[PDB]
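Visitor: Before anything else, here's the structure in question.
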Amino acid sequence: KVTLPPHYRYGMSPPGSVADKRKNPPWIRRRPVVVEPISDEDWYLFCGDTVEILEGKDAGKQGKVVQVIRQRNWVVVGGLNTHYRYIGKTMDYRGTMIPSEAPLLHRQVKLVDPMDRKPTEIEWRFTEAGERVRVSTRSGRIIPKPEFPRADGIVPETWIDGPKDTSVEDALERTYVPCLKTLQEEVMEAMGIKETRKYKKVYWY
Amino acid sequence: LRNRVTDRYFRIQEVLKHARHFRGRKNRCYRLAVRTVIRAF
Amino acid sequence: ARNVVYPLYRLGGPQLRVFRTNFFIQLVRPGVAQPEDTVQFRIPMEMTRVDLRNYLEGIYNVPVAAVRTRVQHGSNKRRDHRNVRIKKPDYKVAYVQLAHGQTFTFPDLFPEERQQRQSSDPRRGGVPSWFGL
Amino acid sequence: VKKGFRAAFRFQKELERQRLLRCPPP
Amino acid sequence: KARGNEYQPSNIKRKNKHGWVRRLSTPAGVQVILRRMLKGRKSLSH
Amino acid sequence: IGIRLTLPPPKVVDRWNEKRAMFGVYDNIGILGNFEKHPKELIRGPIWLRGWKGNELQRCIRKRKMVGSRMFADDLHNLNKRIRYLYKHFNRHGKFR
Amino acid sequence: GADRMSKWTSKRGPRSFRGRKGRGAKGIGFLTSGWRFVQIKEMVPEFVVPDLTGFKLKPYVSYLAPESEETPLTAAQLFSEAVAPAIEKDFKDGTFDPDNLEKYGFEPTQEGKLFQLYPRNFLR
Amino acid sequence: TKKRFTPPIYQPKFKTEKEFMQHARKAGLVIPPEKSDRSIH
Amino acid sequence: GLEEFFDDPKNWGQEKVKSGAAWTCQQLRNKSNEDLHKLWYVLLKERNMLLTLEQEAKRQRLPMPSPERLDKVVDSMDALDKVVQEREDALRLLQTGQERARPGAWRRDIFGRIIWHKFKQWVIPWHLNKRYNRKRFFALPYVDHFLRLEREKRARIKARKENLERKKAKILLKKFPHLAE
RNA sequence: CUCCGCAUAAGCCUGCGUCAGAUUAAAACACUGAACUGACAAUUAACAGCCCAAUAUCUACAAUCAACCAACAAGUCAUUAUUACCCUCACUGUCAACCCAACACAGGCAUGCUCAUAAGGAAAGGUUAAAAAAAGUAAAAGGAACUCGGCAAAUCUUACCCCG
RNA sequence: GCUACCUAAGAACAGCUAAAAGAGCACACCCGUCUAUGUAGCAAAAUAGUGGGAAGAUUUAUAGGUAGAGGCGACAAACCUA
RNA sequence: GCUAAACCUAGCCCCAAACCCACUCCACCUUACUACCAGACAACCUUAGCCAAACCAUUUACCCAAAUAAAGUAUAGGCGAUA
Ligand SMILES: [K+]
Ligand SMILES: [K+]
Ligand SMILES: [K+]
Ligand SMILES: [K+]
Ligand SMILES: [K+]
Ligand SMILES: [K+]
Ligand SMILES: [Mg+2]
Ligand SMILES: [Mg+2]
Ligand SMILES: [Mg+2]
Ligand SMILES: [Mg+2]
Ligand SMILES: [Mg+2]
Ligand SMILES: [Mg+2]
Ligand SMILES: [Mg+2]
Ligand SMILES: [Mg+2]
Ligand SMILES: [Mg+2]
Ligand SMILES: [Mg+2]
Ligand SMILES: [Mg+2]
Ligand SMILES: [Mg+2]
Ligand SMILES: [Mg+2]
Ligand SMILES: [Mg+2]
Ligand SMILES: [Mg+2]
Ligand SMILES: [Mg+2]
Ligand SMILES: [Mg+2]
Ligand SMILES: [Mg+2]
Ligand SMILES: [Mg+2]
Ligand SMILES: [Mg+2]
Ligand SMILES: [Mg+2]
Ligand SMILES: [Mg+2]
Ligand SMILES: [Mg+2]
Ligand SMILES: [Mg+2]
């Protein structure tokens with residue numbers, strides 16, 4: 012299951028990975044990072060959502076949010092605020108250089124209005140149907156939650172039932188008829204088992 | 010209030026600077042140099 | 002079943018039956034040579050050889066001639082960074098022999133760029149090669 | 031760690047002097 | 047002669063002398079378990 | 032050794048916050064308030080120390096009779112021992128008689 | 014020199030100790046004279062395994078399914094579904110009395126039953 | 037306090053990825069595949 | 063036969079095995095008890111094939127193809143056991159009104175702390191049992207002092223925990239002074 | 001060389017089996033080894049342990065090759081009647097170079113067999129061959145002259161006193 | 001769980017002499033007379049040799065009992081976890 | 001030049017306030033954490049001494065239900081120490 016020490020420092024690498032284990036062994040104890048408390052309800056940044064960088068090496072650029080870390084209030088954008096690191100290095104070969112992105116705090120980014128490609132501040136609201144949404148403060152317009160592929164990787168629109176995958180018509184069929192009998196009693200009538208012997212009473216203490 | 014001596018390094022350097030030209034451990038160890046600096050003066 | 006209370010029995014009472022069993026057994030490959038008819042299992046401690054027979058015959062329709070069990074100790078020698086001993090869980094092993102001359106052999110569940137790189141030239145003496153001048 | 035600022039400031043000044051002696055400027 | 051080998055292990059003797067059942071047998075032994083429960087002993091008895 | 036190599040973070044103090052800007056207010060509540068209130072009643076803290084001053088033996092004796100019936104058993108046992116030690120020191124040990 | 018922080022097991026102790034301790038397996042009989050063990054067929058759990066032929070359900074379910082919400086079943090939910098319809102019919106018919114509650118499905122007692130509800134005398 | 041004991045450089049011998057996974061099997065070091073939506077750019 | 067402990071021969075050697083979703087507790091509230099008793103054994107046999115594959119992967123020192131398969135089955139087996147127990151619990155409240163299937167009672171142990179005693183099944187009444195009457199469900203007056211010492215211990219712990227939380231919040235404004243609101 | 005050895009009991013609890021190793025032994029000095037680390041495996045009951053329906057009732061005559069014989073310290077072995085009682089092979093121990101002595105300690109450790117072994121083991125890291133020191137072998141003539149004392153060693157001896 | 005004494009039920013004691021033995025020679029076994037070495041050692045009492053006893057008031061395994069204002073003691077003010 | 005040196009958090013302390021007080025299943029007073037058999041054992045009882053008195057022998061403060069004051073007063077006490 013999950014084995015996280017009390018003051019585990021979250022990072023770019025996922026917990027339990029080989030890189031995180033070496034980085035965060037069970038024994039180390041480091042100063043806890045201070046994170047501004049943000050209500051799960053208030054959080055307004057999700058993966059697949061365009062954001063503009065206010066402060067950093069490359070400010071004023073808009074990019075998609077590929078990853079978000081709630082524990083540290085980090086937002087990762089592809090291709091922006093990126094340094095360079097050699098990947099696939101070996102003892103003989105230097106390795107291949109690639110740009111690696113650096114995490115950004117939720118205060119160093121700013122959401123963009125779909126109508127006007129400019130940074131804007133949003134406040135949550137409710138539509139007619141009652142579904143909660145985020146609306147820009149200036150020139151209020153709806154900003155839906157960008158669709159993002161599932162973590163597991165399954166694409167419902169491209170699913171092929173296998174030999175051990177129940178069909179939709181068999182997994183939604185209703186066969187239950189509310190009664191006043193237990194699985195044991197109901198099964199003994201169907202299987203055909205008969206037991207005439209009685210159960211003598213015991214004492215409980 | 011817990012007070013601790015924060016400048017003990019300078020207190021011993023004003024004694025050891027007069028022991029730099031001595032011989033042996035009484036030129037770097039305060040306990041030994043202090044007794045020989047006082048005899049020099 | 003495990004982690005459940007068993008209804009007490011008295012002379013002339015009903016037969017004891019379990020409709021849903023939480024015993025989960027795993028077939029394992031023997032470490033040492035065993036006869037062909039023999040099969041090896043790892044079962045929970047609470048399980049008995051009598052249950053393993055009725056469990057196999059009923060659920061998997063396998064006739065078994067003989068069943069033998071042994072309890073295997075798990076080393077509590079390992080220690081953590083706090084010098085506290087770590088216990089490997091003790092487990093039970095079961096040896097089952099098939100009845101009608103059937104033979105079982107463990108199946109094989111796991112059947113089965134670098135030359136495009138250019139190196140430094142000794143004659144160049146370490147001079148950067150990128151420069152065409 | 032001991033609390034205070036006077037001794038640390040005074041120790042930084044001696045370090046600079048030591049650095050100048052080891053590496054005197056032109 | 048040479049000393050130091052006073053402990054000659056015997057599980058029967060160990061469970062009968064300092065065991066859980068003998069602790070609870072007397073009121074002074076129950077106070078032993080309560081003191082070790084108060085201090086937080088991982089082992090209360092043999 | 033024994034002395035830090037870097038300078039500590041600056042010690043920034045706000046001399047004009049609420050607690051410093053309104054310190055000392057209502058200290059003459061009696062003189063200017065027709066003596067309805069007394070300044071000692073503005074003191075907050077242990078109920079056995081409000082408007083009262085004494086030495087350790089006097090403080091410990093006062094705490095034991097004022098909140099001693101509410102103290103934890105281990106803390107009360109240490110208090111009584113502290114009073115015993117101080118009784119012997121103050122009444123039997125010292126330079127002057 | 015004893016390990017008092019190790020799990021006490023049948024593997025520890027002398028011969029009489031190691032034979033009297035078990036591992037949690039339920040008994041299926043008793044010892045008679047001569048150390049002869051007598052097995053009780055009624056004490057051995059009998060596996061009630063059904064016929065799995067022509068069974069539509071499978072270990073997994075396709076992902077192309079709705080995200081129905083969870084509605085934990087309650088006693089009130091079970092009463093209205095099964096017991097109430099029969100009562101309403103008899104109420105309209107004009108023949109309803111407490112004496113016939115057993116006919117509706119109510120159980121006055123648990124005695125004389127193979128599968129009692131409290132204290133239950135059957136396995137999962 | 038302030039104590040860390042470090043060993044000398046090991047200098048892994050095999051560079052290729054195959055040999056590492058070929059030698060990780062002989063040593064029992066199982067490395068399950070990764071799981072992440074984020075990929076490099 | 064013993065061929066149900068392993069996966070389809072063709073799947074041997076593959077690194078991935080596509081699998082569907084896990085049964086949800088709500089999808090099982092529509093099936094009958096007879097259908098759930100049949101499904102339990104379909105999932106049981108799939109669970110043993112996955113436990114057999116998980117152990118042979120360690121034997122051959124290789125990673126398991128799709129470990130999530132076992133997690134899905136374990137979630138389905140627990141969800142199914144939740145539904146059946148839910149129907150039995152509701153049926154027990156109507157016929158009996160009891161919230162617990164196993165009898166018990168609140169009692170004080172020899173140590174003086176409250177504990178819920180779960181009853182056992184016996185053949186003779188409690189006043190005849192030799193071993194049950196040696197057990198004590200009452201604390202003598204030499205326990206009162208330890209009960210207070212143990213109560214004062216929990217209070218100190220609960221006090222440090224509450225004072226710590228206050229400190230973190232007061233230290234959390236120095237760096238984020240815009241949290242005054 | 002053989003101080004033993006194999007097994008049982010007791011104790012201990014995976015603690016020289018496989019793979020791997022940056023760890024380790026004087027031994028990364030090439031290459032073995034490993035009791036340390038990580039992963040994997042392992043001891044399968046017939047031996048042993050875990051027993052018994054009630055009530056009343058019975059039980060003078062040792063053992064010792066148990067026969068002569070001779071004893072005192074006077075001894076370890078048994079039932080009947082009546083009633084009740086047709087299902088039967090579960091559960092647990094089973095590994096090792098091992099336990100008590102802070103140690104991979106010249107110590108301590110019960111029984112059976114072997115009584116010199118069919119089992120189990122290695123006193124010398126290499127060299128040189130001073131002193132003093134330790135353990136032994138041999139020694140001219142003399143033979144207690146040594147010493148508090150024939151201590152030690154060698155050898156295989158007389159007589160007497162005190163005390164008990 | 002060492003040790004002192006006791007309780008329950010067990011075990012061991014070749015060979016030779018005399019055959020009667022709290023008898024003798026003498027293994028195992030128990031004890032520890034004298035010497036040497038060792039003295040932060042192999043060892044918080046050991047090693048080697050030499051010795052006392054070895055069918056008895058013997059030695060010994062197992063479980064149990066006696067607890068400090070006390071116990072136990074063939075009285076050494078012994079022994080009751082170095 | 002090695003060995004090292006250096007740090008700021010973990011949390012803790014003292015008050016205030018408020019009385020305090022569990023849970024998945026299974027197991028646990030027998031050799032605790034051990035599914036299942038004839039029992040009747042039951043709890044209460046002045047603390048002492050170190051220390052002070054320059055020994056010691058009567059004696060020698062120990063929250064006991066409101067902070068202050070009355071008051072270290074009345075009073076007790078080898079009429080001493082002290083209370
Ligand atoms: K004084
Ligand atoms: K061991
Ligand atoms: K040999
Ligand atoms: K020794
Ligand atoms: K005893
Ligand atoms: K005195
Ligand atoms: Mg067995
Ligand atoms: Mg047998
Ligand atoms: Mg063996
Ligand atoms: Mg040698
Ligand atoms: Mg040698
Ligand atoms: Mg030599
Ligand atoms: Mg040499
Ligand atoms: Mg010489
Ligand atoms: Mg001569
Ligand atoms: Mg002479
Ligand atoms: Mg002569
Ligand atoms: Mg002379
Ligand atoms: Mg001599
Ligand atoms: Mg004599
Ligand atoms: Mg002994
Ligand atoms: Mg006797
Ligand atoms: Mg003889
Ligand atoms: Mg004799
Ligand atoms: Mg003799
Ligand atoms: Mg004696
Ligand atoms: Mg005498
Ligand atoms: Mg004397
Ligand atoms: Mg005095
Ligand atoms: Mg005196």
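Residue numbers (the deposited numbering), protein chains in the order written: chain V, 12 to 216; chain R, 10 to 50; chain U, 2 to 113, 133 to 153; chain c, 31 to 56; chain 2, 47 to 92; chain i, 32 to 128; chain 9, 14 to 137; chain d, 37 to 77; chain Y, 63 to 243.
C-beta: ideal position from N, C-alpha, C; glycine also.
1. Just list the alpha helix (DSSP H) runs in the region 49–89 of chain U, keeping only unbroken ones of 4 residues or longer that don't cross its boundaries, in chain order.
2. Rounded to whole angstroms, what's the CA-CA distance from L156 (chain Y) to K78 (chain Y)? Just pull it up for me.
3. Indicate the three-state DSSP secondary structure (helix, strand or coil) for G82 (chain Y) in the structure shown.
4. Report the neighbours of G33 (chain i) on chain R: residues whose CB is nearer than 7 angstroms to its CB, in chain order.
5. Would you list, in chain order, the members of the region 25–39 of chain U that have their beta-carbon closer than 7 angstroms to a beta-carbon of chain Y?
6. Which one of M18 (chain 9), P58 (chain 9), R25 (chain 9) has the shortest CA to CA distance from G40 (chain 9)?
7. Taking the alpha helix (DSSP H) that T114 (chain Y) belongs to, which residues open and close that run?
8. Which residues mark the beginning and the end of the beta strand (DSSP E) in which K93 (chain U) is found?
9. Check for me: the alpha helix (DSSP H) holding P98 (chain 9) runs from which residue to which?
10. Counting only beta-carbon atoms, is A2 (chain U) nearer than 8 angstroms to chain 9?
11. Would a check of beta-carbon distances place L15 (chain V) closer than 8 angstroms to chain U?
12. Buried or exposed for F54 (chain i), please, with buried defined as at least 16 other CB atoms from any protein chain shown within 10 angstroms of its CB.
13. For the region 59–93 of chain 9, enumerate the residues whose C-beta is nearer than 7 angstroms to any C-beta of chain V, in chain order.
14. By DSSP, does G32 (chain U) sit in helix, in strand, or in coil?
15. Quick one: what's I177 (chain Y) bridged to in DSSP?
16. What is the rounded straight-line gap between the Cα of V56 (chain i) and the Cα of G82 (chain i)?
17. So, at 8 angstroms on beta carbons, what are the nonlocal neighbours of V146 (chain Y) in its own chain, with the 5 sequence-adjacent residues on each side left out?
18. What's the call for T193 (chain V), buried or exposed, on a 16-neighbour Cβ count within 10 Å?
19. Below 8 angstroms CB to CB, which residues in the same chain sit around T45 (chain R) once its five sequence neighbours on both sides are set aside?
20. Compile a chain-ordered list of the residues in the region 171–201 of chain Y whose CB is closer than 7 angstroms to at least one CB of chain 2.
21. Counting Cβ pairs, one atom from each stretch, are 3 or more of them under 8 angstroms apart for the region 62–69 of chain i and the region 32–47 of chain i?
22. Please report whether the beta-carbon of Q76 (chain Y) lies at a distance below 8 angstroms from any beta-carbon of chain V.
23. So which residues on chain i does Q48 (chain c) lean against when the C-beta distance must stay under 9 angstroms?
24. Which residues mark the beginning and the end of the alpha helix (DSSP H) in which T45 (chain R) is found?
25. Distance check for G99 (chain V) and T52 (chain d), CA to CA, integer angstroms please.
26. Check the Cβ of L110 (chain U) against every Cβ in chain Y and list those closer than 7 angstroms, keeping chain order.
27. Given a cut-off of 8 angstroms on the beta-carbon distance, is the pair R17 (chain 9) and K24 (chain 9) in contact?
28. Let me know the secondary structure DSSP gives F19 (chain R) once reduced to three states.
29. Would you say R33 (chain 9) lies against chain Y (beta-carbon separation less than 8 angstroms)?
30. List the residues of chain i that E214 (chain Y) touches, going by C-beta distances under 8 angstroms, in chain order.
31. The alpha helix (DSSP H) that contains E243 (chain Y), what's its start and end?
32. For the pair the region 115–129 of chain Y and the region 168–175 of chain Y, tell me if three or more CB-CB distances fall below 8 angstroms.
Guide: According to the structure shown:
1. 50–61
2. Position 94 of the ninth sequence, counted from the first residue, corresponds to residue 156 (chain Y). Position 16 of the ninth sequence, counted from the first residue, corresponds to residue 78 (chain Y). Roughly 49 angstroms between the two C-alpha positions.
3. On the ninth sequence, residue 82 (chain Y) is found 20 positions in, with the first residue counted as 1. Correct three-state label for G82 (chain Y): coil.
4. Start at 1 with the first residue of the sixth sequence, and residue 33 (chain i) comes out as number 2. Per Cβ cutoff of 7 angstroms: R17, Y18.
5. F25, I26, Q27, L28, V29, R30
6. Within the seventh sequence, the letter at position 27 stands for residue 40 (chain 9). For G40 (chain 9), the nearest C-alpha among the options comes from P58 (chain 9).
7. Reading the ninth sequence from its first residue, position 52 is the one you call residue 114 (chain Y). Segment 95–121, the alpha helix (DSSP H) holding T114 (chain Y).
8. For the purposes of this step, residue 93 (chain U) is identified with residue 92 of the third sequence, where counting begins at 1. Start and end: 92–99.
9. Your numbering for residue 98 (chain 9) matches position 85 in the seventh sequence. 97–106 is the extent of the alpha helix (DSSP H) around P98 (chain 9).
10. Position 1 of the third sequence, counted from the start, is the residue given in the question as residue 2 (chain U). Yes - at least one Cβ of chain 9 is within 8 angstroms of the one on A2 (chain U).
11. As a position in the first sequence, residue 15 (chain V) is number 4, starting the count at 1. It does not; no Cβ of chain U falls within 8 angstroms.
12. The residue labelled residue 54 (chain i) in the question sits at position 23 within the sixth sequence. By the neighbour-count rule (16 or more Cβ atoms within 10 Å), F54 (chain i) is not buried but exposed.
13. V61, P63, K69, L70, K71, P72, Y73, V74, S75, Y76, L77, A78, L91
14. Counting from one through the third sequence, the residue named residue 32 (chain U) turns up at place 31. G32 (chain U): coil per DSSP, three-state reduction.
15. Residue numbering aside, residue 177 (chain Y) sits at position 115 when the ninth sequence is read from its first letter. Paired residues: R169 (chain Y).
16. Position 25 of the sixth sequence, counted from the start, is the residue given in the question as residue 56 (chain i). Position 51 of the sixth sequence, counted from the start, is the residue given in the question as residue 82 (chain i). One C-alpha to the other measures close to 18 angstroms.
17. Position 84 of the ninth sequence, counting from 1, holds the residue named residue 146 (chain Y). Within the same chain, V146 (chain Y) has close Cβ partners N95, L98.
18. Here residue 193 (chain V) refers to the residue found at position 182 of the first sequence. Buried: at least 16 other Cβ atoms inside 10 Å.
19. On the second sequence, residue 45 (chain R) is found 36 positions in, with the first residue counted as 1. Only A28, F31, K35 meet the Cβ criterion.
20. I172, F173
21. no
22. Taking the ninth sequence and counting its residues from 1, one reaches residue 76 (chain Y) at position 14. Not an interface residue.
23. In the fourth sequence, residue 48 (chain c) corresponds to position 18, counting from 1. Here the premise fails: no neighbours, minimum Cβ distance about 12 angstroms.
24. In the second sequence, residue 45 (chain R) corresponds to position 36, counting from 1. Note, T45 (chain R): alpha helix (DSSP H), 39–49.
25. Locating residue 52 (chain d) in the eighth sequence gives position 16, counting from the first residue. Locating residue 99 (chain V) in the first sequence gives position 88, counting from the first residue. Those two C-alpha atoms are separated by around 10 angstroms.
26. Numbered from 1 along the third sequence, position 109 holds the residue referred to as residue 110 (chain U). Here the neighbours are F68, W74, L115, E118.
27. Taking the first residue of the seventh sequence as 1, we reach residue 17 (chain 9) at position 4. Taking the first residue of the seventh sequence as 1, we reach residue 24 (chain 9) at position 11. Result no, Cβ atoms of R17 (chain 9) and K24 (chain 9) do not sit closer than 8 angstroms.
28. Taking the first residue of the second sequence as position 1, residue 19 (chain R) is located at position 10. If DSSP states are grouped into helix, strand and coil, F19 (chain R) belongs with the helices.
29. Working through the seventh sequence from its first residue, we reach residue 33 (chain 9) at position 20. So no, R33 (chain 9) is outside the interface.
30. The residue labelled residue 214 (chain Y) in the question sits at position 152 within the ninth sequence. Within chain i, the residues near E214 (chain Y) are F103, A104, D105.
31. One-based indexing of the ninth sequence puts residue 243 (chain Y) at position 181. Element bounds for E243 (chain Y): n/a, residue is neither H nor E.
32. no
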